[PDB]
Amino acid sequence: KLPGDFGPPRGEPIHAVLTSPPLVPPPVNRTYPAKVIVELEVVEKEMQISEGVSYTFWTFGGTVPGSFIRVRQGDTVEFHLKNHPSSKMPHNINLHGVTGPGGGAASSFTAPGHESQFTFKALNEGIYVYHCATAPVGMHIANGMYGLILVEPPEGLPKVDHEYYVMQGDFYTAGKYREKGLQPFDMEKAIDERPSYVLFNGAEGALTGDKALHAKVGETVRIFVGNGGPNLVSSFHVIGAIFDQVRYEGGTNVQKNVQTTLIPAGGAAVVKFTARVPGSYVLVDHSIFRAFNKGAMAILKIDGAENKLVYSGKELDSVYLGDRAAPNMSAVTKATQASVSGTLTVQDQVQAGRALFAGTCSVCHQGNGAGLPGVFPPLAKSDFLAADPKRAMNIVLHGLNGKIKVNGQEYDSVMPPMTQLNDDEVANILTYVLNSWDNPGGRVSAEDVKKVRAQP
Amino acid sequence: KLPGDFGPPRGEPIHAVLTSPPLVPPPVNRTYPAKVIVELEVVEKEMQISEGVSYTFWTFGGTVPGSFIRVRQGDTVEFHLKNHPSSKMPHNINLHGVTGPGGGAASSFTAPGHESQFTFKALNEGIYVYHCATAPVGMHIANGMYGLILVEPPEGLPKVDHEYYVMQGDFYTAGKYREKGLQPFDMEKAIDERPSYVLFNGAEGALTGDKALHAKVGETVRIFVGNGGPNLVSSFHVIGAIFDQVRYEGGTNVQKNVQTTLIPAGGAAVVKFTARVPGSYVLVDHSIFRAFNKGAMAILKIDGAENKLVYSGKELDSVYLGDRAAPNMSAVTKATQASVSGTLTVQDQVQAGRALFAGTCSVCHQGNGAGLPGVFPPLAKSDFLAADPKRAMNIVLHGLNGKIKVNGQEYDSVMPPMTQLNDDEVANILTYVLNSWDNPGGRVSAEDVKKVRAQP
Amino acid sequence: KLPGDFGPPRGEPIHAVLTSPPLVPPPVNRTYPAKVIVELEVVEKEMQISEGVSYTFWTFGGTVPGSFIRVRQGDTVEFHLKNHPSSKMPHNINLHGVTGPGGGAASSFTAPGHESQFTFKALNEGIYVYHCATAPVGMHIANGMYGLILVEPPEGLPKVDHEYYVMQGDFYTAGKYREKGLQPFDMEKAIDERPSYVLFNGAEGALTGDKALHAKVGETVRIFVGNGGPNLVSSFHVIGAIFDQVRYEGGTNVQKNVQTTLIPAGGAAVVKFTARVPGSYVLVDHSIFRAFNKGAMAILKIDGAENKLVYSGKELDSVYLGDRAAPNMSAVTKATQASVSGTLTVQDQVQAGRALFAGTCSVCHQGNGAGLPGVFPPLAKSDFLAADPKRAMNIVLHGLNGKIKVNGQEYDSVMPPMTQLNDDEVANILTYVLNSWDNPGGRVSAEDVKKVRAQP
Ligand code: HEC
Ligand code: HEC
Ligand code: HEC
Ligand SMILES: [Cu+2]
Ligand SMILES: [Cu+2]
Ligand SMILES: [Cu+2]
Ligand SMILES: [Cu+2]
Ligand SMILES: [Cu+2]
Ligand SMILES: [Cu+2]
């Protein structure tokens, strides 16, 4: 007999439990094969990919990644794909782990307002990516059409305290990283495999700050980790921790005691972690510019007792978490909305600048702007700043080096350029600085920065 | 004793069986070590990399990938490399799995019209890439100079019903993807790892349509899978199926029951598949823009009985196979030749357009141009098209959105731009549309499209 | 108990042995857990990334990669990070394998002239990358802030004859590959993952020529192999040899008998090799343009007796090692310094050209400039060259094809363009050619080449 040869479906049909990320459906907890009816609906919708940056996502079930599907090896799955009548595109589905043409894609082609169905036996146990397979396939996947399906072994997976759902994807916007507004898909960037964002669960900050995953010291955590791509291979890593186990798809091989593991485009793995020390543990793609310049960071926050014999030291994690150490960056979202409305206040800018100043500036100038005498000059009550507050725009954009004097102290160092910052970002940061620490006040606009950036 | 310590060569020397892709030489079927004489000749030659796109390939044995070499662990191999006198470049060979300097490259340097020889013992069992290692090494590999050598274990590999030879490579043309004509190698793209094509066996469509690999339900298939690079790592995947086994090079580890596996640049693996359900099973690099935008798709076609208990659904695989669902795209080849000759007819364009319309347009407008009332507007007898057939060029290149009326029905949707299409492609597709379904006829030329593309 | 539950530290504290690449500290050779005090100092310093190309590296311990740290599983490590007062940036450290927030980064933030300390228990055996984790994290890593820490199993690793330390990194210069002078970090290239250099141990030629690693026939070699990134995944390969074992981080899985293995960004592996045949064995990233166009080649040189039954052939390894076959390229370094000083002589240029001519030109024109009658035309006493020595600049930059006559012999072949060569390189090569083999003498300057390159 084939694999999953467990007998005919028994009992009543089961109408399947789908879940939204980062959560997983419960274990099926049964010892017999069932007929499982799955209903999944495609929805095309604008969502925020980053604070003040909107994108038209194409979704399975209203989320990126799509709704999580959980069945048992040997089940017969009757799959219903609906395409919402608001959709502009046709869609379909390819489930990895399906035995058949297109993994279902050949049978699930569904126009807006229609529904398709096909049936498959889940022969292969494992964790599997599913995704849309409608031409142009890459555009559909790039727009967010991917998720996971778990096919349990017949005895179920071992019990753990938490199960979570995390999926990486690469995204291609016409605009640059953190450029505000509704950003179109960019086919040229996509073909060249040059993403503007690389994210977990469809957005910057999806799993950071107040949206972190949780567990307690001593608890076990299983994460179902997908890589939807379309194009990147993840050097998937947990900062400050180790994986007890890493298992790809339905593979017989299991790797144990590793921290860094390569996930193919379209690949999926199950990882397991045991919490040992409190704090924030960071899931990243260790192709590091993805993690720290394009959004590829997610957090597991562990609460419980300290273990000073295992780890003893200070906890200044804003030095690397930067602007994602805080609970959120809602001040940026709000400043952007107010700017679109034409109602942007000085305070709107100050609070957005405060959020962005973390990491970006604070690593050298400190959270309080004091700097460090002789090494980093102060922004707090800075005579150099007050002498020519406009020149601060050039300093941020193009850097500063050479001998300067600030508040009666000599400096001879190097501030790197930060040209990657967008005009609103520079404007907001500088407005924050001007309105803090007894600086002269006033404001810098995005338009001011635009003019300075354009100077030869 | 070293590995492969099986005794001295016995018997008469064996003059080795080389094969062209996608076929493999027979199992050596012997229990003793032999002296094996291998003769391989380099040939530089123009071949079609895509329909109407020529490239000057540099080849081992006249093909990309090069001729497959099959020996037994413990054999002594006397390797003769000839370089055809028509060659312009010198060449050599590095066989992975060889124990010695350059894997042979140090001893096989061969000018045009010359022959070299070196001898090695095959100590290491496994599947191995070989390639040219002549400066500039990357240019030689990019031009197609790679293949596989199998070193069998002494007892042979387990018997299977079919053995096939598939090798991925990344290619670098001065022109864009599907731009017609003789395309030079592009060193700048190659250094930047920005390929224009990513292919199996040296050409788009090498293993699709009427050139698919075959097997029957119940049969086992072994594929020797190489990645010649030069630069890309393949997220190697089979759509709608699973690999029973994946083994890299001569490694002791074997992974079982996986669908997606990472093959390094210069890597090789042996995969095994058991056919379970009829249909087309697609080998891809799941860095998806490679598979669906740059040519990285190959097909294994399985014939036999349906198994509706395992898979039950419709078979509309043109939705993802697109223009590669058909037996071939020879109409494109022919239209391109006629265009070069100055003898391009309306019918030449119509048939080339018909081939390209599959996937590219048919996913929304349907194979018969009818569209779907209220959702996708018709191209069949389209009053909107007839009203300004020229505007169709702008629609294809730059998309269309907003409210329009077509054949007495209102539409308010979005047709994405398709700027990646080349001028001949747009011209041919539109000529096909104009001459089908009682549309007004006439034709669009590549030159017409060029003018429209150049408008600001 | 956790992992590494071996008891409390015993004995006196041990002040740890750090080593500079390519060497490793000795095995700890003990059976009890210790308190180990580690002192590591950050130094920012200019070094040569390539001959005549300077870069401002940021280093742990004065080298790239940083000093190697070696402890035993179950040790308590008291980590002191100093930041030299000459530093312009703050720094910190994240050690993979540490159980705690940021792998230490949260507790080791250190301004110039300061010192930090934190303590951790080494629970996890394995080889691990460490790196700086100070915002912007990618810039710090790109500038060279990474190394390895080995956490031994309690019984120690098996004995071998040699242990070496090799770490790959990708680097991002404003200038192009081999463009001379002090090269700034290029943030735009880094974000796009488009490195100008890909190196082992921080420099082109760090481990080639007279800086090769050594062993003898019959000896075992262990290499601790890191990939610091920041961005690339290495298709890590040894030319002409095989790895007996490859083990990632602290993983339970060990792969045996492979030649090509994928190392994630931020990953580390221990590989083992047994020397069998004399010669030069090349460690490369087999994304081949990295290895042969961006510096990603290192050498293990094996001395001892020939084994003609295993490998019998000539040894012309300059065909692929090119300009790295020689002991060094010091003539390039010297010519560049003299050019900066305004004291560049004809002889300075001749010797620099001689070094660069290897591989680059010699593969076709031969080491003695004789070429091959009818196939490659001579540079030795070339009438074609003497007829218009200036035209040689265009020939190098833009190639040459078609019918020509040289020293009374007809040629009809193709010399590819070599536009990637920098102006000084072309000038030096041509000066070498003009002053060798009874050619007319004189010289070509970088400024001459610049003018020709700029012609339309
Ligand atoms: C990596 C260190 C570092 C970072 C990050 C950094 N700076 Fe600076 N900044 C400096 C140094 C050093 C100087 C002094 C330069 C010199 O010696 O020529 C400086 C100078 C300045 C000055 C002028 C002198 C003064 O004290 O008024 C301003 C204004 C300033 N920085 C603002 C910012 C802002 C705003 C940010 C973030 C957007 C930022 N800097 C990020 C190191 C840094
Ligand atoms: C993903 C869906 C999709 C694809 C693929 C697509 N179209 Fe369209 N096309 C549309 C939609 C929707 C409209 C109507 C746009 C609107 O509502 O503003 C349209 C409009 C048009 C029109 C004008 C209206 C009409 O019916 O005459 C033409 C002509 C056309 N398409 C031709 C093509 C051609 C040729 C191709 C392929 C090269 C193509 N389209 C590919 C969705 C698509
Ligand atoms: C891959 C082969 C190859 C390489 C590498 C190469 N050449 Fe050539 N070179 C040729 C060929 C072939 C010709 C003749 C072209 C023709 O037939 O039109 C040529 C022609 C020339 C000529 C003009 C004819 C003559 O003999 O004087 C010069 C000068 C020359 N090469 C110099 C160089 C220099 C300097 C280098 C390296 C920087 C170089 N070449 C690298 C193949 C090569
Ligand atoms: Cu879709
Ligand atoms: Cu897929
Ligand atoms: Cu070659
Ligand atoms: Cu190789
Ligand atoms: Cu640092
Ligand atoms: Cu790290």
# chains A, B, ... in the order shown; residues from 1 in each chain; ligands from 1
>>> residues_near_ligand(ligand="ligand 7", cutoff="8 Å", atoms="only C-alpha atoms and all ligand atoms", output="PyMOL selection string")
(chain B and resi 94-96+129-131+133+266) or (chain C and resi 237+239+286)
>>> residues_around(residues="residue 349 in chain A", least_positions_apart="4", cutoff="10 Å", atoms="only C-alpha atoms", output="VMD selection string")
chain A and resid 331 to 332 334 to 336 338 to 339 344 to 345 353 to 354 424 to 425 427 to 432 435 443 to 445
>>> residues_near_ligand(ligand="ligand 2", cutoff="6 Å", atoms="only C-alpha atoms and all ligand atoms", output="list in words")
residues 89 of chain A; 360, 361, 363, 364, 376, 377, 378, 379, 382, 384, 385, 392, 396, 400, 401, 402, 403, 404, 406, 411, 412, 413, 414, 415 and 430 of chain B
>>> write_last_selection(atoms="C-alpha atoms", output="tab-separated table (two decimals), in the first residue's frame")
chain	number	residue	atom	x	y	z
A	89	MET	CA	-7.45	38.43	-10.25
B	360	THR	CA	0.31	35.22	-20.45
B	361	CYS	CA	-3.21	36.37	-21.53
B	363	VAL	CA	-5.46	33.15	-17.57
B	364	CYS	CA	-7.80	36.16	-17.50
B	376	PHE	CA	-12.55	40.01	-17.35
B	377	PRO	CA	-13.53	41.78	-20.58
B	378	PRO	CA	-13.62	39.86	-23.86
B	379	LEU	CA	-10.99	40.05	-26.52
B	382	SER	CA	-14.11	43.32	-28.84
B	384	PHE	CA	-13.15	48.35	-27.36
B	385	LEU	CA	-10.28	46.73	-29.25
B	392	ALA	CA	-3.82	47.70	-27.32
B	396	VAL	CA	-0.13	45.37	-22.93
B	400	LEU	CA	-5.14	49.27	-17.93
B	401	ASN	CA	-7.27	50.28	-14.95
B	402	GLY	CA	-10.45	52.23	-14.27
B	403	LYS	CA	-13.97	52.13	-15.64
B	404	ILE	CA	-14.31	50.98	-19.24
B	406	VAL	CA	-16.66	46.53	-23.55
B	411	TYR	CA	-15.69	46.83	-16.11
B	412	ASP	CA	-13.81	48.45	-13.28
B	413	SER	CA	-10.71	46.35	-12.68
B	414	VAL	CA	-6.97	46.20	-13.16
B	415	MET	CA	-4.83	44.67	-15.90
B	430	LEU	CA	-1.73	41.41	-30.69
>>> closest_residue(among="B:321, B:42, B:346, B:300", to="ligand 6", atoms="only C-alpha atoms and all ligand atoms")
B:42
>>> residues_near_ligand(ligand="ligand 5", cutoff="12 Å", atoms="only C-alpha atoms and all ligand atoms", output="short mmCIF file (atom, residue, chain, number, x, y, z; two decimals) with N, CA, C and O atoms, in the first residue's frame")
data_model
loop_
_atom_site.label_atom_id
_atom_site.label_comp_id
_atom_site.auth_asym_id
_atom_site.auth_seq_id
_atom_site.Cartn_x
_atom_site.Cartn_y
_atom_site.Cartn_z
N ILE A 93 -4.57 27.20 -5.90
CA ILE A 93 -3.70 26.78 -4.82
C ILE A 93 -2.90 25.52 -5.18
O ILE A 93 -3.44 24.53 -5.72
N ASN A 94 -1.63 25.56 -4.79
CA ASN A 94 -0.67 24.45 -4.85
C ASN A 94 -0.27 24.18 -3.43
O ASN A 94 0.35 25.03 -2.80
N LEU A 95 -0.66 23.03 -2.91
CA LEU A 95 -0.20 22.62 -1.61
C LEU A 95 0.93 21.68 -1.78
O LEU A 95 0.78 20.60 -2.35
N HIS A 96 2.10 22.06 -1.27
CA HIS A 96 3.16 21.09 -1.15
C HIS A 96 2.65 19.94 -0.27
O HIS A 96 1.78 20.12 0.60
N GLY A 97 3.18 18.75 -0.53
CA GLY A 97 2.73 17.54 0.15
C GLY A 97 1.54 16.82 -0.51
O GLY A 97 1.29 15.68 -0.19
N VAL A 98 0.82 17.50 -1.39
CA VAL A 98 -0.25 16.86 -2.17
C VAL A 98 0.40 15.98 -3.25
O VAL A 98 1.37 16.40 -3.90
N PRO A 101 -1.20 16.55 -9.80
CA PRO A 101 -0.73 17.64 -10.67
C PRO A 101 -0.87 19.03 -10.07
O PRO A 101 -1.97 19.41 -9.63
N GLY A 102 0.21 19.78 -10.07
CA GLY A 102 0.21 21.10 -9.52
C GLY A 102 -0.02 21.21 -8.02
O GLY A 102 -0.27 22.32 -7.50
N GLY A 103 0.05 20.09 -7.30
CA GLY A 103 -0.32 20.05 -5.91
C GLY A 103 -1.73 20.59 -5.68
O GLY A 103 -1.99 21.12 -4.59
N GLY A 104 -2.62 20.43 -6.67
CA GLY A 104 -3.97 21.01 -6.65
C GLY A 104 -4.19 22.17 -7.57
O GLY A 104 -5.34 22.56 -7.84
N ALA A 105 -3.11 22.78 -8.05
CA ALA A 105 -3.24 24.04 -8.82
C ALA A 105 -4.00 23.82 -10.12
O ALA A 105 -4.69 24.70 -10.60
N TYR A 128 4.35 21.75 5.33
CA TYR A 128 4.44 22.06 3.90
C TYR A 128 3.96 23.46 3.61
O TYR A 128 2.94 23.91 4.14
N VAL A 129 4.66 24.14 2.72
CA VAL A 129 4.17 25.41 2.17
C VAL A 129 3.01 25.13 1.21
O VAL A 129 3.05 24.14 0.48
N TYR A 130 1.98 25.98 1.25
CA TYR A 130 1.04 26.11 0.12
C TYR A 130 1.12 27.51 -0.42
O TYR A 130 1.47 28.47 0.32
N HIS A 131 0.77 27.68 -1.69
CA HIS A 131 0.80 29.00 -2.29
C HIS A 131 -0.05 29.03 -3.55
O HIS A 131 -0.43 27.98 -4.09
N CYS A 132 -0.33 30.23 -4.03
CA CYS A 132 -1.02 30.41 -5.30
C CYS A 132 -0.08 30.03 -6.44
O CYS A 132 1.15 30.20 -6.33
N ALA A 133 -0.66 29.47 -7.50
CA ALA A 133 0.10 29.05 -8.69
C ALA A 133 -0.63 29.50 -9.96
O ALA A 133 -0.81 28.72 -10.89
N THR A 134 -1.00 30.77 -9.98
CA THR A 134 -1.67 31.38 -11.11
C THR A 134 -0.69 32.28 -11.82
O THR A 134 -0.08 33.12 -11.21
N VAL A 137 2.99 33.49 -11.67
CA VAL A 137 3.09 32.85 -10.37
C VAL A 137 3.89 33.69 -9.38
O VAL A 137 3.51 33.84 -8.22
N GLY A 138 5.01 34.24 -9.83
CA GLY A 138 5.84 35.03 -8.94
C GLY A 138 5.14 36.26 -8.37
O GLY A 138 5.34 36.61 -7.22
N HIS A 140 1.87 36.59 -7.86
CA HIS A 140 0.90 36.15 -6.85
C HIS A 140 1.57 35.84 -5.50
O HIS A 140 1.12 36.28 -4.43
N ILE A 141 2.71 35.12 -5.56
CA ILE A 141 3.42 34.76 -4.34
C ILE A 141 4.00 36.02 -3.69
O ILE A 141 3.84 36.21 -2.49
N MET A 145 0.54 35.43 -1.26
CA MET A 145 -0.29 34.22 -1.36
C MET A 145 0.47 32.94 -1.01
O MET A 145 0.87 32.16 -1.89
N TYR A 146 0.69 32.75 0.29
CA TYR A 146 1.33 31.55 0.79
C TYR A 146 0.94 31.32 2.23
O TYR A 146 0.59 32.26 2.90
N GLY A 147 1.05 30.08 2.68
CA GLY A 147 0.76 29.67 4.05
C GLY A 147 1.36 28.31 4.30
O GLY A 147 2.17 27.84 3.50
N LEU A 148 1.00 27.69 5.42
CA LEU A 148 1.41 26.35 5.77
C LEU A 148 0.23 25.40 5.97
O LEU A 148 -0.86 25.80 6.49
N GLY A 226 7.77 28.78 7.89
CA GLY A 226 7.70 28.69 6.45
C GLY A 226 8.58 29.74 5.82
O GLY A 226 8.86 30.80 6.41
N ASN A 227 9.00 29.48 4.58
CA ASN A 227 9.61 30.50 3.75
C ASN A 227 8.85 30.54 2.45
O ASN A 227 9.01 29.72 1.56
N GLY A 228 7.97 31.51 2.34
CA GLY A 228 7.14 31.66 1.14
C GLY A 228 7.90 32.19 -0.05
O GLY A 228 7.43 32.11 -1.21
N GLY A 229 9.06 32.77 0.21
CA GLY A 229 9.78 33.43 -0.85
C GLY A 229 9.08 34.70 -1.27
O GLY A 229 8.61 35.45 -0.42
N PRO A 230 8.96 34.99 -2.57
CA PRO A 230 9.17 34.04 -3.67
C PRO A 230 10.61 33.60 -3.92
O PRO A 230 10.81 32.45 -4.34
N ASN A 231 11.60 34.47 -3.66
CA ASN A 231 12.97 34.24 -4.13
C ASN A 231 14.07 33.90 -3.11
O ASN A 231 15.05 33.23 -3.48
N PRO A 264 15.05 26.69 2.34
CA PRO A 264 14.88 27.01 0.91
C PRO A 264 13.67 27.88 0.63
O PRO A 264 12.74 27.92 1.44
N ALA A 265 13.70 28.59 -0.48
CA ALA A 265 12.52 29.23 -0.99
C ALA A 265 11.48 28.15 -1.22
O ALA A 265 11.74 27.14 -1.87
N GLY A 266 10.30 28.36 -0.64
CA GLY A 266 9.23 27.36 -0.67
C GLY A 266 9.35 26.24 0.32
O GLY A 266 8.54 25.31 0.33
N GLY A 267 10.31 26.34 1.22
CA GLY A 267 10.57 25.33 2.23
C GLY A 267 9.85 25.63 3.54
O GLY A 267 9.38 26.76 3.77
N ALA A 268 9.76 24.61 4.38
CA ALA A 268 9.17 24.73 5.71
C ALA A 268 9.89 23.81 6.63
O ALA A 268 10.35 22.76 6.20
N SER B 235 16.85 26.07 -5.03
CA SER B 235 15.81 25.52 -4.11
C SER B 235 15.02 24.46 -4.86
O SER B 235 13.89 24.67 -5.30
N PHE B 236 15.65 23.32 -5.06
CA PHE B 236 15.21 22.35 -6.03
C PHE B 236 13.98 21.60 -5.49
O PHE B 236 13.99 21.10 -4.35
N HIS B 237 12.94 21.55 -6.32
CA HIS B 237 11.61 21.15 -5.88
C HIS B 237 10.88 20.41 -6.98
O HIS B 237 11.04 20.74 -8.15
N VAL B 238 10.06 19.43 -6.60
CA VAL B 238 9.15 18.81 -7.55
C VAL B 238 7.71 19.18 -7.21
O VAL B 238 7.24 18.88 -6.12
N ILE B 239 7.02 19.82 -8.16
CA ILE B 239 5.61 20.20 -7.97
C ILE B 239 4.71 18.96 -8.01
O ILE B 239 4.76 18.16 -8.95
N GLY B 240 3.89 18.80 -6.97
CA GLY B 240 2.92 17.73 -6.90
C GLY B 240 3.42 16.36 -6.58
O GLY B 240 2.69 15.38 -6.75
N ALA B 241 4.64 16.25 -6.08
CA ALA B 241 5.22 14.96 -5.79
C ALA B 241 6.18 15.09 -4.61
O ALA B 241 6.24 16.14 -3.98
N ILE B 242 6.85 14.03 -4.26
CA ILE B 242 7.81 14.06 -3.17
C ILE B 242 9.00 13.19 -3.58
O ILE B 242 8.82 12.24 -4.36
N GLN B 259 10.34 17.31 -0.34
CA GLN B 259 9.91 17.89 -1.61
C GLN B 259 10.79 19.02 -2.10
O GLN B 259 10.80 19.31 -3.33
N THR B 260 11.55 19.65 -1.21
CA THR B 260 12.29 20.87 -1.55
C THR B 260 13.69 20.69 -0.97
O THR B 260 13.81 20.31 0.22
N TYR B 281 4.59 16.44 -13.67
CA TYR B 281 5.25 16.79 -12.40
C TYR B 281 6.44 17.69 -12.76
O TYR B 281 7.25 17.38 -13.63
N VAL B 282 6.51 18.84 -12.11
CA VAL B 282 7.41 19.92 -12.54
C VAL B 282 8.61 20.05 -11.62
O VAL B 282 8.45 20.29 -10.43
N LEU B 283 9.80 19.89 -12.17
CA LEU B 283 11.06 20.15 -11.46
C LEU B 283 11.32 21.63 -11.64
O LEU B 283 11.27 22.14 -12.76
N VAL B 284 11.54 22.35 -10.55
CA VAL B 284 11.78 23.79 -10.58
C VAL B 284 12.88 24.19 -9.59
O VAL B 284 13.19 23.45 -8.64
N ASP B 285 13.45 25.36 -9.81
CA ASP B 285 14.16 26.07 -8.74
C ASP B 285 13.07 26.94 -8.11
O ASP B 285 12.52 27.83 -8.75
N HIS B 286 12.74 26.64 -6.87
CA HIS B 286 11.66 27.32 -6.15
C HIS B 286 11.98 28.73 -5.67
O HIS B 286 11.15 29.36 -5.00
N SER B 287 13.15 29.27 -6.02
CA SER B 287 13.31 30.74 -6.06
C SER B 287 12.53 31.12 -7.33
O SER B 287 13.03 31.07 -8.48
N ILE B 288 11.26 31.40 -7.08
CA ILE B 288 10.16 31.20 -8.03
C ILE B 288 10.25 32.03 -9.31
O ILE B 288 9.77 31.58 -10.37
N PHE B 289 10.82 33.22 -9.24
CA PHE B 289 11.02 33.99 -10.46
C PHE B 289 11.97 33.30 -11.44
O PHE B 289 11.84 33.48 -12.64
N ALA B 291 11.94 29.91 -11.88
CA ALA B 291 11.09 28.88 -12.45
C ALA B 291 10.08 29.42 -13.45
O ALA B 291 9.86 28.78 -14.48
N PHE B 292 9.48 30.57 -13.16
CA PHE B 292 8.36 31.03 -13.97
C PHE B 292 8.67 32.28 -14.79
O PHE B 292 7.86 32.66 -15.63
N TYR B 320 -0.55 27.41 -14.73
CA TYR B 320 0.83 27.64 -14.22
C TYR B 320 1.91 27.26 -15.25
O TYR B 320 2.93 27.93 -15.28
#
>>> select_by_dssp(residues="range 270-360 of chain A", states="strand (DSSP E)", output="ChimeraX atom specification")
/A:270-274,279-285,297-303,311-312
>>> select_by_dssp(residues="range 269-376 of chain B", states="alpha helix (DSSP H)", output="JSON, numbers by chain")
{"B": [288, 289, 290, 291, 292, 293, 318, 319, 320, 321, 330, 331, 332, 333, 334, 335, 336, 337, 338, 339, 340, 341, 346, 347, 348, 349, 350, 351, 352, 353, 354, 355, 356, 357, 362, 363, 364, 365]}
>>> residues_around(residues="range 108-115 of chain B", least_positions_apart="5", cutoff="6 Å", atoms="only C-alpha atoms", output="number ranges by chain")
B: 81-85, 87, 90-92
>>> atom_distance(atom1="CA of residue 330 in chain B", atom2="CA of residue 52 in chain B")
9.2 Å
>>> atom_distance(atom1="CA of residue 165 in chain A", atom2="CA of residue 24 in chain A")
6.2 Å
>>> closest_residue(among="A:193, A:249, A:210, A:383", to="chain C", atoms="only C-alpha atoms")
A:193
>>> closest_residue(among="B:350, B:207, B:387, B:299", to="residue 433 in chain B", atoms="only C-alpha atoms")
B:350
>>> atom_distance(atom1="atom 9 (N, counted along the ligand's line) of ligand 3", atom2="CA of residue 57 in chain B")
19.6 Å
>>> residues_around(residues="residue 328 in chain A", least_positions_apart="2", cutoff="8 Å", atoms="only C-alpha atoms", output="JSON, numbers by chain")
{"A": [205, 208, 209, 210, 324, 326, 330]}
>>> residues_around(residues="residue 192 in chain C", least_positions_apart="5", cutoff="9 Å", atoms="only C-alpha atoms", output="NGL selection string")
(:A and (194-195 or 289)) or (:C and (187))
>>> write_last_selection(atoms="N, CA, C and O atoms", output="CSV table (one decimal), in the first residue's frame")
chain,number,residue,atom,x,y,z
A,194,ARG,N,15.7,41.5,-5.8
A,194,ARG,CA,16.2,42.6,-5.0
A,194,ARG,C,15.0,43.2,-4.2
A,194,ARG,O,14.5,44.2,-4.5
A,195,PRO,N,14.7,42.5,-3.1
A,195,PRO,CA,13.5,42.9,-2.3
A,195,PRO,C,13.7,44.2,-1.5
A,195,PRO,O,14.8,44.5,-1.0
A,289,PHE,N,21.6,42.1,6.5
A,289,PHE,CA,21.0,43.3,6.0
A,289,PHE,C,19.4,43.1,5.9
A,289,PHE,O,18.7,44.0,6.0
C,187,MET,N,27.2,51.4,1.7
C,187,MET,CA,25.9,51.0,2.2
C,187,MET,C,24.9,50.5,1.1
C,187,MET,O,24.2,49.6,1.4
>>> residues_around(residues="residue 394 in chain B", least_positions_apart="3", cutoff="9 Å", atoms="only C-alpha atoms", output="ChimeraX atom specification")
/B:390-391,397-400,417,449,452-453
>>> write_last_selection(atoms="C-alpha atoms", output="PDB file, in the first residue's frame")
ATOM      1  CA  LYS B 390      -3.321  50.728 -31.629  1.00  0.00           C
ATOM      2  CA  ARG B 391      -4.176  51.477 -27.935  1.00  0.00           C
ATOM      3  CA  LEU B 397       2.993  47.396 -22.139  1.00  0.00           C
ATOM      4  CA  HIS B 398       1.566  49.650 -19.411  1.00  0.00           C
ATOM      5  CA  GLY B 399      -1.590  47.978 -18.170  1.00  0.00           C
ATOM      6  CA  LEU B 400      -5.138  49.273 -17.931  1.00  0.00           C
ATOM      7  CA  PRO B 417       1.533  46.091 -17.005  1.00  0.00           C
ATOM      8  CA  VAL B 449       5.648  48.428 -30.409  1.00  0.00           C
ATOM      9  CA  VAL B 452       4.991  53.022 -28.340  1.00  0.00           C
ATOM     10  CA  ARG B 453       7.412  51.706 -25.703  1.00  0.00           C
TER      11      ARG B 453
END
>>> closest_residue(among="A:136, A:327, A:374, A:181", to="chain C", atoms="only C-alpha atoms")
A:374
>>> closest_residue(among="C:65, C:33, C:11, C:144", to="ligand 8", atoms="only C-alpha atoms and all ligand atoms")
C:144
